[PDB]
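What follows is a short report on a single structure.
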Amino acid sequence: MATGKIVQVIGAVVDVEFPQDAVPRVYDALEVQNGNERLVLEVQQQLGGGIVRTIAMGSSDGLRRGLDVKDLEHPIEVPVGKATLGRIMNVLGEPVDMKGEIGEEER
Amino acid sequence: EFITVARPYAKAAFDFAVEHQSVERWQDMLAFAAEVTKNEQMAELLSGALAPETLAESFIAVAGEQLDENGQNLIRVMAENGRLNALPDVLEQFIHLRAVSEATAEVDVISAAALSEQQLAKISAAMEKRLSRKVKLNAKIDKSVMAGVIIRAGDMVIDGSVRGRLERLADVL
Amino acid sequence: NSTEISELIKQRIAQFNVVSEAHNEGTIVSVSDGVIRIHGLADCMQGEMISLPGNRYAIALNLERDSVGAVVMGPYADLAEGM
């Protein structure tokens with residue numbers, strides 16, 4: 001389930017508020033549906049009560065206030081090992097060479 | 001200090017209280033809220049970073065003296081803006097807007113000795129002409145001034161004391 | 001009423017058990033770039049050593065009117081608002 005909501009969007013910087021139990025830790029990765037397309041946010045700061053300031057790892061345009069945000073409980077983690085040889089990947093470890101899924105065994 | 005951030009809230013609370021002819025209930029409700037703000041434990045909670053809709057509810061819990069719709073709504077707005085500490089000033093400016101609306105004023109009269117109660121009658125009769133407002137008086141005594149009287153009405157004062165005459169003579173020379 | 005108001009306030013606070021911190025204890029309320037803001041610690045003294053979970057220390061540098069700002073002497077990313 002998704003437990004946070006966007007409260008600001010200023011350029012690339014997005015503020016998300018959680019109930020004060022579930023506040024993500026710093027460098028945790030969040031996720032939100034920016035339209036028909038997924039977008040992940042990396043927590044930079046825990047400021048004030050419940051609110052968390054993040055940097056969007058992607059296009060910020062199209063974000064509304066009040067979108068539901070789901071917090072992955074781990075930092076940005078990428079596929080590793082022999083499976084990645086000869087592939088191209090972006091910062092999130094997704095393939096950008098159009099040869100399809102990576103075939104990772106471990107992240 | 002919250003003299004400036006209190007003005008909008010006092011004005012809104014008064015304009016609302018007038019529409020419903022409940023000015024007195026609103027004044028007592030604000031006077032209670034501004035008191036719960038002063039308690040030792042609540043003043044601790046108001047400073048720590050709680051989420052607004054949690055701080056507001058914990059504050060509402062401590063008051064059954066607030067008419068559940070319109071007083072609690074004011075508390076919720078002030079909490080959303082992070083201004084619950086401004087209530088002690090919302091109260092003062094509410095009283096001020098009321099005194100203006102009802103054309104009332106309150107004059108301090110400061111003297112070396114208490115007055116003869118005919119002087120007070122003439123003073124009130126005079127000020128109710130200097131000002132359109134029906135005036136209360138608060139007589140006060142101060143033996144630094146030694147004759148005459150000081151009349152202070154708001155930020156206006158009439159320095160009738162002989163102490164003033166002396167200090168104002170000294171600076172002519 | 002001016003006195004029984006204060007008494008009723010104290011009573012009703014005791015009812016809902018809103019309470020003050022111990023003087024030697026406090027809660028983190030903000031984390032960023034290795035600096036934390038602590039709420040409480042009424043007895044914290046400038047330059048003191050504050051003991052975090054995980055057997056780590058922070059140095060109290062800013063004793064502001066409502067919170068203590070301290071720098072974390074170690075890895076800080078695992079700290080969280082509430083500890």
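By convention here, the chains of the structure tokens are called A, B, ... in the order presented, each chain's residues are numbered starting at 1, and ligands are numbered starting at 1 in the order presented.
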
Near segment 6-16 of chain B, counting only C-alpha atoms, which residues have an atom at most 7 Å away, once you skip same-chain residues fewer than 5 positions from it, shown as a PyMOL selection string?
-> chain B and resi 86+89-90+93-94

Subject >> Residues within 10 Å of residue 63 of chain A, only C-alpha atoms, excluding chain neighbours under 2 positions, as a PyMOL selection string >> reply: chain A and resi 6+8-9+14+32-35+39+59-61+65-67

Review point. If you measure from atom CA of residue 47 of chain A to atom CA of residue 26 of chain A, what distance in Å do you get, rounded to one decimal?
Key: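 According to the coordinates, atom CA of residue 47 of chain A and atom CA of residue 26 of chain A are separated by 10.6 Å.
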
At a cut-off of 9 Å, using only C-alpha atoms, what residues contact segment 51-63 of chain B? Leave out same-chain residues fewer than 4 positions from it and give the result as a short mmCIF file (atom, residue, chain, number, x, y, z; two decimals) with C-alpha atoms, in the first residue's frame.
data_model
loop_
_atom_site.label_atom_id
_atom_site.label_comp_id
_atom_site.auth_asym_id
_atom_site.auth_seq_id
_atom_site.Cartn_x
_atom_site.Cartn_y
_atom_site.Cartn_z
CA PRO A 19 2.45 9.54 9.17
CA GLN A 20 5.09 10.09 11.80
CA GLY A 48 9.99 18.74 10.50
CA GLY A 49 7.27 16.35 11.49
CA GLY A 50 6.35 13.67 8.99
CA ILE A 51 7.57 15.63 5.98
CA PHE B 32 -9.81 30.09 27.46
CA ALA B 33 -7.73 29.04 24.45
CA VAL B 36 -4.45 26.65 27.70
CA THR B 37 -1.59 27.94 25.57
CA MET B 42 1.12 22.44 26.59
CA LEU B 45 4.06 20.43 23.07
CA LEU B 46 3.47 23.58 21.02
CA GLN B 72 -12.26 24.31 16.94
CA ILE B 75 -7.79 26.24 16.27
CA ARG B 76 -7.37 23.94 13.29
CA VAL B 77 -6.54 26.81 10.94
CA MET B 78 -4.07 28.43 13.31
CA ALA B 79 -2.51 25.01 13.84
CA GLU B 80 -2.19 24.36 10.11
CA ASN B 81 -0.32 27.65 9.82
CA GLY B 82 1.81 26.92 12.88
CA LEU B 84 -1.14 28.46 18.03
CA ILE C 9 -6.35 22.91 32.55
CA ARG C 12 -7.48 17.90 31.86
CA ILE C 13 -3.86 17.67 30.77
CA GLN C 15 -6.37 13.24 31.87
CA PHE C 16 -4.92 13.06 28.34
CA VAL C 18 0.39 15.02 27.47
#

Note to self: Distance cut-off 7 Å, counting only C-alpha atoms - which residues of chain B neighbour chain C? Return them as a list in words.
What the structure shows: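 Here they are: residues 36, 41, 44, 47, 48, 49 and 62 of chain B.
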
Using the selection just defined, write its residues with C-alpha atoms as a compact mmCIF listing (two decimals), in the first residue's frame.
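Result written to part.txt:
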# COMPACT_ATOMS: atom_id res chain seq x y z
CA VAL B 36 -4.45 26.65 27.70
CA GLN B 41 3.05 21.09 29.57
CA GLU B 44 6.18 22.23 25.65
CA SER B 47 7.21 23.96 20.44
CA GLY B 48 8.08 20.43 19.34
CA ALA B 49 7.64 19.51 15.69
CA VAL B 62 -8.05 19.88 26.25

Within 8 Å of chain A, which residues belong to chain C? Use only C-alpha atoms and report them as a tab-separated table (two decimals) with N, CA and C atoms, in the first residue's frame.
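out_37.tsv, freshly written:
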chain	number	residue	atom	x	y	z
C	29	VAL	N	14.07	15.31	15.87
C	29	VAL	CA	12.97	15.84	15.08
C	29	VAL	C	13.37	16.20	13.67
C	30	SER	N	14.63	16.02	13.29
C	30	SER	CA	15.07	16.44	11.97
C	30	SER	C	16.46	15.89	11.72
C	31	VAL	N	16.71	15.44	10.50
C	31	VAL	CA	18.00	14.86	10.13
C	31	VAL	C	18.37	15.34	8.74
C	32	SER	N	19.61	15.78	8.58
C	32	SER	CA	20.06	16.21	7.26
C	32	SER	C	21.55	16.47	7.29
C	33	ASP	N	22.26	15.90	6.32
C	33	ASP	CA	23.67	16.19	6.09
C	33	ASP	C	24.53	16.01	7.34
C	77	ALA	N	23.23	8.22	8.42
C	77	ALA	CA	22.08	8.00	7.56
C	77	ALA	C	21.02	7.11	8.19
C	78	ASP	N	21.36	6.36	9.23
C	78	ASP	CA	20.40	5.45	9.84
C	78	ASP	C	19.60	6.10	10.95
C	79	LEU	N	19.89	7.35	11.30
C	79	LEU	CA	19.09	8.07	12.27
C	79	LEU	C	17.77	8.48	11.64
C	80	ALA	N	16.75	8.63	12.47
C	80	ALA	CA	15.41	8.93	11.97
C	80	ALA	C	14.67	9.79	12.96
C	81	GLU	N	13.80	10.64	12.43
C	81	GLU	CA	12.95	11.46	13.28
C	81	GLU	C	12.12	10.56	14.19
C	82	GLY	N	12.25	10.77	15.50
C	82	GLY	CA	11.53	10.01	16.50
C	82	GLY	C	12.42	9.33	17.51

Checklist entry - Got a sec to tell me which of chain C DSSP assigns to helix (DSSP H, G or I), as JSON, numbers by chain? => result {"C": [4, 5, 6, 7, 8, 9, 10, 11, 12, 13, 14, 15, 16]}

Q | Polymer residues at most 8 Å from residue 72 of chain A, only C-alpha atoms, same-chain spacing of 2 or more positions, as a list in words | A |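 Near neighbours after the sequence-gap exclusion: residues 28, 29, 30, 31, 70, 74 and 75 of chain A.
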
Write the residues of the selection above to a file with N, CA, C and O atoms, as a JSON list (two decimals), in the first residue's frame.
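Output saved as again-v8.json:
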[["chain", "number", "residue", "atom", "x", "y", "z"],
["A", 28, "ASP", "N", 16.51, 6.64, 1.40],
["A", 28, "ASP", "CA", 15.52, 5.67, 0.96],
["A", 28, "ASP", "C", 14.91, 6.11, -0.36],
["A", 28, "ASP", "O", 14.91, 7.29, -0.71],
["A", 29, "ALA", "N", 14.39, 5.14, -1.10],
["A", 29, "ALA", "CA", 13.79, 5.40, -2.41],
["A", 29, "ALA", "C", 12.28, 5.29, -2.31],
["A", 29, "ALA", "O", 11.75, 4.29, -1.81],
["A", 30, "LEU", "N", 11.58, 6.30, -2.80],
["A", 30, "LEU", "CA", 10.13, 6.31, -2.88],
["A", 30, "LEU", "C", 9.69, 6.06, -4.31],
["A", 30, "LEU", "O", 10.51, 6.03, -5.23],
["A", 31, "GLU", "N", 8.39, 5.89, -4.50],
["A", 31, "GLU", "CA", 7.85, 5.61, -5.82],
["A", 31, "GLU", "C", 6.49, 6.26, -5.97],
["A", 31, "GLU", "O", 5.69, 6.24, -5.03],
["A", 70, "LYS", "N", 4.49, 5.65, -2.41],
["A", 70, "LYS", "CA", 4.82, 4.43, -1.71],
["A", 70, "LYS", "C", 6.31, 4.42, -1.45],
["A", 70, "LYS", "O", 7.10, 4.71, -2.36],
["A", 74, "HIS", "N", 14.26, 0.49, 1.14],
["A", 74, "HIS", "CA", 15.67, 0.27, 0.88],
["A", 74, "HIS", "C", 16.16, 1.37, -0.04],
["A", 74, "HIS", "O", 15.38, 1.93, -0.81],
["A", 75, "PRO", "N", 17.45, 1.69, 0.00],
["A", 75, "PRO", "CA", 17.98, 2.68, -0.93],
["A", 75, "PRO", "C", 17.81, 2.23, -2.37],
["A", 75, "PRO", "O", 17.37, 1.12, -2.66]]

Atom pair atom CA of residue 91 of chain B + atom CA of residue 28 of chain B, distance 9.3 Å

Item checked: strand (DSSP E or B) per DSSP on the backbone: members of segment 134-164 of chain B, as a ChimeraX atom specification -> /B:134-141,149-153,156-159
